[PDB]
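S.K.: Heads up: the sequence shown is residues 39 to 132, 137 to 285, going by the authors' numbering. The beta carbon of each residue, even a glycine, is placed where N, CA and C say it ideally should be.
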Amino acid sequence: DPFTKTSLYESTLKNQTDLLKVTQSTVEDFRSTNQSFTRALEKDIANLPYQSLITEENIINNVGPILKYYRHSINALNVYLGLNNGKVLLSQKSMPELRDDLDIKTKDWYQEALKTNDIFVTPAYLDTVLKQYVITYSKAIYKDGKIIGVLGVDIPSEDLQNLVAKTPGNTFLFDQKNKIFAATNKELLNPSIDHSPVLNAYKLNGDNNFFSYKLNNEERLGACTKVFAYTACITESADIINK
Ligand SMILES: N[C@@H](Cc1ccccc1)C(=O)O
Ligand SMILES: [Cl-]
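Okay, here's the thing in C-alpha cells:
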C-alpha cells in the first residue's frame, strides 16, 4: 500500500541521512582538533621572546622542545618549523635537528601558508621524511607582524581513514579528485571499482538529497554531501522499501 511504502522510505531516508551526518561530523571533528592543536603550537612559539627566535641555535634549543612535546601529545608523525633561509627544525617520530637539505620552499605546505592568514590543510600525500601518507596543517607564524617561519604538523591520513571506517552505516569518502579515500566496508577501497552511478546521482541531486540508483539491475538508495574538499556518501539496498 503506498502509505506503507512511503512510511518505509521516509524512515530509511531519516536513518541514512543521520548516518551520513555522523560521517560528516567525524571529518569535521578530525580537522578542527588538528587546527586547534596547530593554533596552540603557533601561539606557544610566537609567545617566545624575540631573542629566543632570532638565532638558529636558539630556535633549536627553545622551539625544539615545544615541537617535540606537541608532537608527542597528539602522536603526530612530524612537527616542524621552516625558516626563510631554507632550513627546517624537524621533530620526527622515531632531539629535533635543523636540517638544510630538505628543499622547503618547493613544498605546497610552505608556499600556501604564506598566502593565507589561516591554517592551510593539504590533501593527503606521501611524506618524504617518514614515507607515510599524511595530511599537513601549516601556518605562517608571526610575532609583532614579523614572520618567524612556517609551522607544519603531519597527521597520518590513516588516522582519519580509521575513524571513518568505524562509523555506523555504509559510509565512505572521496577525495578532491573523486577517488575513494575512506570506507566502512574495506572492500570498497578496491581501486577498480567504478563509482560513476553514485557520483552522477549526487551531481544530479545535490548535498544531502536522498536518491535512487541501480547496481546489477537492483535498486539502491543513497546520499552524498561535500565535507571540505571531500565527498561523503552513504548507500544501501532499496529492499527496505521494496520487500
Ligand atoms: N611531510 C613533509 C615533511 C617535511 C618537512 C620539512 C621539510 C621536508 C619535508 C613533506 O613531505 O614535505
Ligand atoms: Cl583534515
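I want to know whether the segment 162–169 touches the segment 209–228 - three or more CB-CB distances under 8 Å.
M.R.: Counting Cβ pairs under 8 Å, three or more are found: they touch.
S.K.: Specify, as a first and last residue, the run of the beta strand (DSSP E) that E66 falls within.
M.R.: To locate residue 66, count along the sequence shown from 1; it is residue 28. Per DSSP, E66 belongs to no beta strand (DSSP E); it is in the alpha helix (DSSP H), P40 to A84.
S.K.: What distance in whole Å lies between the Cβ atoms of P138 and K106, which are believed to be in contact at a cut-off of 8 Å?
M.R.: Taking the first residue of the sequence shown as position 1, residue 106 is located at position 68. Taking the first residue of the sequence shown as position 1, residue 138 is located at position 96. Going by Cβ atoms, the distance from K106 to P138 rounds to 6 Å, so yes, they are a contact pair.
S.K.: Are three or more beta carbon pairs between the segment 222–239 and the segment 192–212 nearer than 8 Å?
M.R.: Verdict: yes, contact present.
S.K.: With a threshold of 7 Å on Cβ separation, who are the neighbours of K157 within its own chain once the five nearest residues in sequence on each side are excluded?
M.R.: The residue you call residue 157 lines up with position 115 of the sequence shown. Correct list: empty, nothing qualifies.
S.K.: Cα separation between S199 and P40?
M.R.: What you label residue 199 is simply residue 157 of the sequence shown in a count that begins at 1. What you label residue 40 is simply residue 2 of the sequence shown in a count that begins at 1. Rounded to whole angstroms, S199 to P40 spans 45 Å at the Cα level.
S.K.: Within its chain, find whatever has a CB closer than 8 Å to the CB of residue 133; leave out the 5 residues flanking it on each side and keep chain order.
M.R.: Residues lacking coordinates in the chain include everything strictly between 132 and 137, among them residue 133.
S.K.: If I197 sits next to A271, beta carbons under 8 Å apart, how far is it from one beta carbon to the other, in whole angstroms?
M.R.: Taking the sequence shown and counting its residues from 1, the one referred to as residue 197 is at position 155. Taking the sequence shown and counting its residues from 1, the one referred to as residue 271 is at position 229. In fact, because the Cβ distance is near 16 Å, the residues do not count as touching under 8 Å.
S.K.: Please report the straight-line C-alpha distance between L119 and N96, rounded to a whole angstrom.
M.R.: In the sequence shown, residue 119 corresponds to position 81, counting from 1. In the sequence shown, residue 96 corresponds to position 58, counting from 1. When rounded, the distance between both Cα atoms is 13 Å.
S.K.: Under the criterion of a Cβ to heavy atom distance below 7 Å, does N251 qualify as lining ligand 1?
M.R.: Taking the first residue of the sequence shown as 1, we reach residue 251 at position 209. False, no ligand heavy atom lies under 7 Å from that Cβ.
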